[PDB]
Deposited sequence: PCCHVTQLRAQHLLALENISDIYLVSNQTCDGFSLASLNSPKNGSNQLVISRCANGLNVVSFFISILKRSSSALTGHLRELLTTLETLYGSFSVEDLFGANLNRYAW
């Protein structure tokens, strides 16, 4: 379910999905599904989310466990795997951020 245009603190979200470019419509998007019970399925941005997670993991590497270490290594080269200098689809209008 690729989202084109749709426009939440960490307290009110408890689930998040990430998909590859091939699985999506050539994009890298995430759906921050809040805790049926799924109140919202807002289409977030995969690039910003993965970058924030990578930065958090790198800053917390002082006390990172083994599972989190391999998670960080997996998110690495997955950011680079996308390598999205540009991507076409979901053309619409916008005003500001």
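Against the full deposited sequence, the model leaves out several stretches, namely 8-13, 42-45.
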